[PDB]
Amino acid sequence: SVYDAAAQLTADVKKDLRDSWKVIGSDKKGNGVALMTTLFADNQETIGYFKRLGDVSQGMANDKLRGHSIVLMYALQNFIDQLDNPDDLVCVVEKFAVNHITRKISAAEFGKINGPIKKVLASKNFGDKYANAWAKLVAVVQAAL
């Protein structure tokens, strides 16, 4: 359940999430677009969900993809800001989940973002330790799907 998954975010996971977000979140447009292009590159099959974005290969030059990528990074910002209060993190994760559930994005499909996150982390010198902390955060959303 999302309440149990939220409890897996221990003191050090929360700290590692904040320390990496300090760097990754500093450029929301650049890192969000990079995150989305790595998803489409590594997992071609997910492009079908993003039919409305159009020609995804354009990356930064595609205004709709760029709009989506910036908005996606503010959802992550929101999750990092709610780490102090589990009750607030959960109601925000469940609110967030509504539109993904409507789109029939399963917990296994959502989990495809973990590879993109690990790769963007690694480009900014945050290795496995931080990739694993971000996968526990993604798991709280997966439990709500």
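From 1 onward, residues are counted along the sequence shown.
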> Which is higher in the entry, the mean Cα B factor of 26 to 34 or that of 72 to 80?
Replying inline: 26 to 34
> So 16 to 24 or 121 to 129, which one's hotter by mean CA B-factor in the entry?
Replying inline: 121 to 129
>> In terms of recorded Cα temperature factor, pick the maximum from 113, 92, 101, 56.
In response: 56
> Lowest, middle or highest third: where is residue 5 by C-alpha B factor in its chain?
Replying inline: highest
>> Can you tell me whether residue 67 has a C-alpha B-factor in the lowest, middle or highest third compared with the other modelled residues of the same chain?
In response: lowest
> Thinking about Cα B factors across the chain, which third does residue 141 belong to?
Replying inline: lowest
